[PDB]
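A.B. asks: Below you will find the structure I want to go over with you.
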Amino acid sequence: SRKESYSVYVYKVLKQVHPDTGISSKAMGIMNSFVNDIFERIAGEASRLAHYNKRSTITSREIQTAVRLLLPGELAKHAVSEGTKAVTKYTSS
Amino acid sequence: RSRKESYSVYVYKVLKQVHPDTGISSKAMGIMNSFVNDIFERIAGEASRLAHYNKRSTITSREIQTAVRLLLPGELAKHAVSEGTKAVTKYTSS
Amino acid sequence: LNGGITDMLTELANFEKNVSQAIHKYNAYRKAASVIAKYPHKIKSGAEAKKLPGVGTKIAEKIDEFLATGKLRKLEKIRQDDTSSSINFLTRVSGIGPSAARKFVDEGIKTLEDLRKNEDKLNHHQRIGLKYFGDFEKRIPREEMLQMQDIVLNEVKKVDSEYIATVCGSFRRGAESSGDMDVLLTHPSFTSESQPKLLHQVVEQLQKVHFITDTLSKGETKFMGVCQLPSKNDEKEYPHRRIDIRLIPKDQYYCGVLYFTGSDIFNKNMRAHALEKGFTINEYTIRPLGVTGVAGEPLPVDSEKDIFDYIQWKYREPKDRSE
Amino acid sequence: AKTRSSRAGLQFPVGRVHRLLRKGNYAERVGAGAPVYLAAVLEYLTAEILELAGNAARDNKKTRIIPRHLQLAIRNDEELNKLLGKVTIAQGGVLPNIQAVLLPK
Amino acid sequence: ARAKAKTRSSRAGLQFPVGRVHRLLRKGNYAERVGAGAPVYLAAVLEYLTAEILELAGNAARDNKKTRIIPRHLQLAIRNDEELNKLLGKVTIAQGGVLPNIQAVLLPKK
Amino acid sequence: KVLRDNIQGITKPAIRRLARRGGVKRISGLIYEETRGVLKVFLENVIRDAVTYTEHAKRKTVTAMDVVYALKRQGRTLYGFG
Amino acid sequence: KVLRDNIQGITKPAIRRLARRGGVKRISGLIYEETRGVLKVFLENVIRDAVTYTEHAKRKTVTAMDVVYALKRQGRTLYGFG
Amino acid sequence: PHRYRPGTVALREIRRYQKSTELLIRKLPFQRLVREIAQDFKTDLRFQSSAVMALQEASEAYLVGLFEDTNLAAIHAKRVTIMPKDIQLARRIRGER
Amino acid sequence: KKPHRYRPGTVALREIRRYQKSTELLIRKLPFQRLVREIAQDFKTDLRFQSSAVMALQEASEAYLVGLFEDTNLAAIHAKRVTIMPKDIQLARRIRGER
DNA sequence: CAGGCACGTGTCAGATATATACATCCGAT
DNA sequence: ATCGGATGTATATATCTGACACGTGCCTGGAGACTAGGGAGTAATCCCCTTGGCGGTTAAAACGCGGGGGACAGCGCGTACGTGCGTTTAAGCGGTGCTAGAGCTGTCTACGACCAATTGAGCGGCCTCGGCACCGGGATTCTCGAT
DNA sequence: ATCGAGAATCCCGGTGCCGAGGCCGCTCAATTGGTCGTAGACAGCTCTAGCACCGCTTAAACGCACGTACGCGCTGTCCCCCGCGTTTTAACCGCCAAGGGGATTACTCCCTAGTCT
């Protein structure tokens, strides 16, 4: 069937950073698994936050708090800053 | 008034069922409540994950039994599976 | 004295039956409608109606809104809903209920034109119900029902003189009209501990004289079909009526006649009287009740008067069995 | 019987576990056989924990379960210690254990 | 009506699919309703993490005189960094190997 | 009140009693500073998550449930508090 | 069939190579039985969970996805496959 | 002048503190330390008493486990006196470093 | 002398560098596959294994054993010793929480 | 959707835990 | 052998608990018999992927043996850490007083679920040549007994 | 305390190879445009408990005295594991069958929804 993968997006990001590098199939699969694992961790933590705070919706606040609570230190700071920038750009239309 | 939720009466009934002549303190009541909540959360989370894994959209006794088998170690898992199957059979037989 | 209040509540109960598929609301709503319809007063406030049993918070708030505004916003919305109205109109057809109407509306079948154009999607019972939609909804005058009772009794006696046939229900209670026929039959050779073709002979005989026009289902215990009185070669033909014939053992026949005679309130009162007199009465027979509630061997039944004497209660004519 | 718990012969509330299974958004549909099985499992686990605590409570001429008794019951058993190896209970203390090397000559 | 359709990721200036992330969030049974700002934030976070790890992997591959990232380079990039190592402490990379680390005592004393 | 030093409030006899409960016999003189350091780093690790949980709820009081949840997030599940 | 006495297939040079990748200088002669025992325990623990996973699905072939899931259950989180 | 041999009083207090369940840490200094550590993340915070108590119990459990592992390492090192290298080894093996 | 014999210890660091630089399996395929099949035979009879599942088990087992050996070496260095012993693995497993 | 009643919460007499005096009992110097 | 902490025993606080009183939101709620569809069980076949058997090559495992460097036991020492005692000081208990913010409730309103309708991005299939694996030899570098 | 000899490794170059990357033809999930029900953002209240302060009380903490035992360094014994050479051996690759497991259909058969007294 039509199995879904982040392969094209990982390749696009790779050409956005290192224009003259390649990537093998095993490395691409490892990147896909890493993306899936991080997504599962962040989504589960956000869902737990929503249930814990008696809320029924997960919003940018829940995702931002989950990112600040999972990612360590300066990585979390950069992720929060760039996520806020992306949300502002999207809501600016 | 905020009606708080606990399993105190059921734990007390279970204690009287197996140990008729003893009592239990409030701190132990809170510990039992936390333990029951934690085990329920663990089993329910494992069952929901298994349901998503097997592409299903319904949680029945099969997922709960498999989650009990995965979580609880050998002897406890076997006894819990036996108790659950007996309870399900008795419930459906009525 | 609640014609406006009761009528608007009637269609409300249907939606949880045919659309929402929730019996737990439909039964409550119809019980509330029945108890309000019997109350001989103008209803002014919902809190006043809360005194009557079976009326709760939701019914009170809704009747208050109906008295304030003359309608219900939920009811008005659900009236203009094409899907819900189509489902209700389909469920008006016999054999079509919640699942059938839901599926038909899902596949675009919403009107009787679609039912007539989609004969292949209907079984025998659904096709029979579609053919006689108008005829089945008509009421039966008592004189026509007397005529067809005489015809049925004549044919059943023609099959065998030992047969006993009783037309129970509102007709037996003496009501001027009824919506269907409940025919109860027994045979001396057929008891609880005793032929599968006894009903077949009667069905074939009634089909031979062209009284029964259609067959919905025919088994060894009960038969459901359509019958129609013949016209006298010059008048308009009588509308088709659905007739139900049930075969009962001899030791259960009189109890079945009592159960199917009615009314429902009368049957409930008789069951309560039996329970307080240490007996249990059902559709089949009557059992004595022990001190611990264990039912014993069923008592022999040979007449309705015997059943009344069992529970130490005076025999009541079916005309007096309103409640 | 009227309530669902008495029909299955359990002490834990089946309907309450059912309500939590809806509220806990574990799946959009939960079958009716899941809550009774989960209630039976929870009741059996609680019964084992309480029986082991009483077998440890009784010993010290005390007829009232204390968090110390719960800690002793969990740590002394092998199966329950593996089940709850990463759980610390308040006022639980530790098992009495002194290494043979530190013992006097 | 029916203006020129544009992907919401293009609106947010991201390479990762915000729509697919939104669909996965809705179908993952995390909450019964999902806000509009969650998918873009999550996609931005995922894009940042992938960009960081891919930059480190590319640097390691360039230091290894290769122009094609292999799992060994990913393992080197993950374990060499401090925050990424703690973020991914409990993960084993297939065909990743082990970073060269010899204890000072085991070195030839001479 | 801006507090300057309180890690010295975890006195030497307290560390000695904790070690005795742990099961040791003799304690060296350099155990105390290392124990204070590991206690401080563990307390910061728990408190950061607890304060984040409190801030997400738009509250200014750190309840016991936030601390319990933060401890559960690190695998150190705590019973008897909620 | 009936495979029996096969833990010996993990040869001593294989254990030596694994230890050298670990980074040890010299290896005692009694370590191989202990290493085989802990390997057998870990393999049994993972395989039991994998077999339980491949039984709920009502299937007779153990896929790599079930192995990855069983590893993730006890905190291994194997990347690569799947 | 009856002076006990060095170790016997330790073998006494070890049993005393293993059969007990008290806090063993003074509550006010621990509360002050918790407040000082928490004020570095967000100024002007207030704590529930149960929160401070739960923190104290969790910290006590962590430190008791750490000392158990430290004693194990020290006995493995053919000693009975724990030294900070034992604590560092236990923390590194446990995965905290 | 007549042969060129390396001193004991250099032939360790040589190929320590090799086996830390390279990323092969270091365990033979068929013996491990047979061991996995024999272990799984105890639980359920007549079970088929995909090749990818066996490879995943091999990778996970090798990573776990490498980590355990690293911890064992650390414990040995702590014990003022360069030879690892079974008691060192026992101590490492006890500290890690597996025993 | 609706009553029946099973829990939740609050009260108070009181079994049970705890602390405080004296008489044995066992490990050290 | 005798003297300080563990034991036991009797008694007197004291205290936290389990049986009632009452309020309040969950929850469990017509059965039966005659008709159909429909999942389940069996039976029967098509891919086909993993299993099993036979045979040939050879890299890897097994075995023997000579050391030599490390595991380990014993001795001596010195100073760091234990136990004990007098003195201080700060936790702890118990009040008093204040108010910041947790908790609850009413109210709209902006926001997300949901459904036709549309269409462009991503996935499956199919090339193809270039980074990379491998081989070969020469140059470079690491290690070891010898002087 | 280096030096020549022996061995391990690096570098450079040549050669073949198979999958990384690109292109084409789709499919169906992402996107638009609306409607509609309700979660919660936001004010307003109570009133709980968290905080601040003060005054005994005494038990824990601290500083010092002093003894001794254990961590550590040193020395000597011996033993067993490592490095290397020789001898199996089954790991691995190649081929075949092959056979039931997954994937469909064919038929039937009891379970159950509907449906209507």
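A.B. asks: Are there any strands (runs of 3 or more DSSP E) wholly within region C:151-269 with 3 or more residues that are within 16 Å of DNA strand K (Cβ to nearest atom) and crowded, with 17+ Cβ neighbours inside 10 Å, and if so which?
C.D. replies: Because the criterion is at least 3 residues that are within 16 Å of DNA strand K (Cβ to nearest atom) and crowded, with 17+ Cβ neighbours inside 10 Å, the strands (runs of 3 or more DSSP E) in region C:151-269 that meet it are C:181-186, C:212-218, C:222-227, C:241-247.
A.B. asks: Among E:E52, E:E47, which is within 7 Å of chain A (Cβ to nearest Cβ), at negative phi and either surrounded by 22 or more Cβ atoms within 10 Å (Cβ to Cβ) or in contact with a helix residue (DSSP H, G or I) (Cβ under 8 Å, 6 or more places away or on another chain) (or both)?
C.D. replies: Numbers: E:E52 fails: within 7 Å of chain A (Cβ to nearest Cβ).
The conditions single out E:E47.
A.B. asks: Here is a follow-up. Could you tell me how many of the residues in region I:6-23 are part of a helix (DSSP H, G or I) and within 6 Å of DNA strand K (Cβ to nearest atom)?
C.D. replies: 1
A.B. asks: Keeping to region H:56-86, report how many residues are closer than 12 Å to F:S28 by Cβ and hydrophobic (A, V, I, L, M, F, W, C).
C.D. replies: So the first thing to find is which residues in region H:56-86 are closer than 12 Å to F:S28 by Cβ, and the list is H:70, H:74, H:79-86.
Now restrict to residues that are hydrophobic (A, V, I, L, M, F, W, C): H:74, H:80, H:82-83.
Going through region H:56-86 one residue at a time, the tally reaches 4.
A.B. asks: Also, quick follow-up: Which residues, counting only those in region A:82-92, are surrounded by 13 or more Cβ atoms within 10 Å (Cβ to Cβ) and more than 7 Å from every other protein chain (Cβ to nearest Cβ)?
C.D. replies: The answer is A:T84, A:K85, A:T91.
This table checks each residue for (1) surrounded by 18 or more Cβ atoms within 10 Å (Cβ to Cβ); (2) among the β-branched types (V, I, T).
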| position | (1), (2) |
| --- | --- |
| I:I27 | yes, yes |
| I:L35 | yes, no |
| I:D42 | no, no |
| I:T45 | no, yes |
| I:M55 | yes, no |
| I:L91 | yes, no |
| I:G97 | no, no |
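A.B. asks: I would also like to ask the following. Taking only region F:2-36 into account, find how many residues are outside any helix (DSSP H, G or I) and within 13 Å of DNA strand K (Cβ to nearest atom).
C.D. replies: Residues that pass the stated criteria total 12.
A.B. asks: Sticking with this structure for a sec: Kindly provide the set of residues from region C:280-314 that are within 23 Å of C:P188 (Cα to Cα) and of a type in the set (D, E, K, R), ordered by number.
C.D. replies: Listed by number, the residues that qualify are C:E283, C:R287, C:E297, C:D302, C:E304, C:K305, C:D306.
A.B. asks: Ok, one more. Given the criteria at the interface with chain A (Cβ under 7 Å from one of its Cβ atoms), of a type outside the set (D, E) and outside any helix (DSSP H, G or I), does E:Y30 qualify? Outline the logic, then answer.
C.D. replies: On the way: at the interface with chain A (Cβ under 7 Å from one of its Cβ atoms): yes; of a type outside the set (D, E): yes; outside any helix (DSSP H, G or I): yes.
For E:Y30, the condition - at the interface with chain A (Cβ under 7 Å from one of its Cβ atoms), of a type outside the set (D, E) and outside any helix (DSSP H, G or I) - is met.
A.B. asks: Restricting to region C:38-70, count the residues that are within 30 Å of the chain's Cα centre (by Cα) and within 16 Å of DNA strand L (Cβ to nearest atom).
C.D. replies: 2
A.B. asks: Now for a different question. In region B:40-52, which residue that is touching a helix residue (DSSP H, G or I) at 6+ places or on another chain (Cβ under 6 Å) and facing chain D (nearest Cβ under 7 Å) is surrounded by the most Cβ atoms within 10 Å (Cβ to Cβ)?
C.D. replies: B:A47
A.B. asks: Can you name every residue in region B:1-38 that is within 7 Å of another protein chain (Cβ to nearest Cβ), of a type in the set (A, V, I, L, M) and surrounded by fewer than 17 Cβ atoms within 10 Å (Cβ to Cβ)?
C.D. replies: The answer is B:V18, and nothing else.
A.B. asks: What are the pairs, 6+ residues apart or on separate chains, where a residue within region E:70-97 that is under 16 Å from H:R97 (Cα atoms) has its Cβ under 6 Å from a residue that is of a type in the set (F, W, Y)?
C.D. replies: So the pair list comes out as E:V91/G:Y79.
A.B. asks: Give region D:68-100 a look and list any residue that's β-branched (V, I, T) and either touching a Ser or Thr at 6+ places or on another chain (Cβ under 6 Å) or surrounded by fewer than 13 Cβ atoms within 10 Å (Cβ to Cβ) (or both), or say none.
C.D. replies: Listed by number, the list holds a single entry, D:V87.
A.B. asks: Mind listing just one residue for me: the one in region H:66-89 that is at the interface with chain F (Cβ under 8 Å from one of its Cβ atoms) and surrounded by fewer than 21 Cβ atoms within 10 Å (Cβ to Cβ) and, of those, farthest from H:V34 (Cα to Cα)?
C.D. replies: In this case the residue turns out to be H:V80.
A.B. asks: Take region B:53-81 and flag every residue that is surrounded by fewer than 16 Cβ atoms within 10 Å (Cβ to Cβ), assigned to a helix (DSSP H, G or I) and at the interface with chain D (Cβ under 8 Å from one of its Cβ atoms).
C.D. replies: Passing the criteria: B:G74, B:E75.
A.B. asks: Let me ask something additional. With respect to B:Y7, is the statement that it is over 20 Å from G:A50 (Cβ atoms) and hydroxyl-bearing (S, T, Y) true? Steps first, answer last, please.
C.D. replies: Numbers: over 20 Å from G:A50 (Cβ atoms): yes; hydroxyl-bearing (S, T, Y): yes.
For B:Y7, the condition - over 20 Å from G:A50 (Cβ atoms) and hydroxyl-bearing (S, T, Y) - is met.
A.B. asks: Being under 16 Å from the mean Cα position of the chain (by Cα) and surrounded by fewer than 15 Cβ atoms within 10 Å (Cβ to Cβ), is that true of even one residue in region F:2-9? It would help to see each step written out before you state the result.
C.D. replies: Of all residues in region F:2-9, those under 16 Å from the mean Cα position of the chain (by Cα) come to F:5-9.
Keeping just the survivors that are surrounded by fewer than 15 Cβ atoms within 10 Å (Cβ to Cβ) gives F:5, F:8.
Checked region F:2-9: at least one residue is under 16 Å from the mean Cα position of the chain (by Cα) and surrounded by fewer than 15 Cβ atoms within 10 Å (Cβ to Cβ).
A.B. asks: On to the next question. Among (1) within 11 Å of DNA strand L (Cβ to nearest atom); (2) in contact with a strand residue (DSSP E or B) (Cβ under 6 Å, 6 or more places away or on another chain), which single condition is H:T70 missing?
C.D. replies: (1)
A.B. asks: Which of (1) more than 16 Å from DNA strand J (Cβ to nearest atom); (2) within 26 Å of I:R99 (Cβ to Cβ) is the odd one out, the single condition D:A56 does not satisfy?
C.D. replies: (1)
A.B. asks: Quick test of your reading of the structure: D:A1 fulfils all but one of (1) at the interface with chain B (Cβ under 7 Å from one of its Cβ atoms); (2) surrounded by fewer than 21 Cβ atoms within 10 Å (Cβ to Cβ); (3) among the hydrophobic types (A, V, I, L, M, F, W, C); (4) more than 13 Å from the chain's Cα centre (by Cα). Name the failing condition by number.
C.D. replies: (1)
A.B. asks: Please determine, by comparing only the residues of region H:35-52 that are near DNA strand L (Cβ under 10 Å from one of its atoms) and outside any loop (DSSP other than H, G, I, E, B), which one is nearest to the chain's Cα centre (by Cα). Steps first, please.
C.D. replies: Initially, region H:35-52 is screened for residues near DNA strand L (Cβ under 10 Å from one of its atoms), giving H:35, H:38, H:44-52.
Still in the list and also outside any loop (DSSP other than H, G, I, E, B): H:35, H:38, H:46-47, H:49-52.
Working: H:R35: 19, H:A38: 20, H:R46: 25, H:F47: 22, H:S49: 21, H:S50: 20, H:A51: 19, H:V52: 16 Å.
Applying the filter and picking the extreme gives H:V52.
A.B. asks: Please go through region C:63-120 and pick out each residue that is away from DNA strand K (no atom under 14 Å from the Cβ), outside any helix (DSSP H, G or I) and either on the phi < 0 side of the Ramachandran plot or not assigned by CATH to the domain that holds C:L12 (or both).
C.D. replies: Step one: of region C:63-120, the residues away from DNA strand K (no atom under 14 Å from the Cβ) are C:63-80, C:84-85, C:87-93, C:101, C:109, C:111-119.
Next, from what is left, pick out any that are outside any helix (DSSP H, G or I): C:70-72, C:92-93, C:109, C:111, C:118.
Result: C:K71, C:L72, C:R92, C:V93, C:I109, C:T111, C:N118.
A.B. asks: Also, I was wondering about something else. If you go through region G:53-75 one residue at a time, how many are on the phi < 0 side of the Ramachandran plot, surrounded by fewer than 18 Cβ atoms within 10 Å (Cβ to Cβ), assigned to a loop (DSSP other than H, G, I, E, B) and not aliphatic (A, V, I, L, M)?
C.D. replies: Residues meeting the conditions: 3.
A.B. asks: Looking at B:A28, is it touching a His at 6+ places or on another chain (Cβ under 8 Å) and more than 24 Å from A:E40 (Cα to Cα)?
C.D. replies: Yes, satisfied.
A.B. asks: In region H:3-43, which residues are of a type in the set (D, E) and at the interface with chain F (Cβ under 7 Å from one of its Cβ atoms)?
C.D. replies: Matches in region H:3-43: H:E13, H:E36.
A.B. asks: Out of all the residues in region C:18-25, is one or more within 25 Å of C:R92 (Cα to Cα), buried (at least 17 other Cβ atoms within 10 Å of the Cβ) and either within 16 Å of DNA strand K (Cβ to nearest atom) or among the acidic types (D, E) (or both)?
C.D. replies: Scanning region C:18-25 turns up at least one residue that is within 25 Å of C:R92 (Cα to Cα), buried (at least 17 other Cβ atoms within 10 Å of the Cβ) and either within 16 Å of DNA strand K (Cβ to nearest atom) or among the acidic types (D, E) (or both).
Numbers and lists here come from the model and the stated rules, or from a named source; these are not laboratory values. Because the Cβ atoms are built from the backbone with ideal geometry, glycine has one as well, and the counts that use them run over all protein chains shown.
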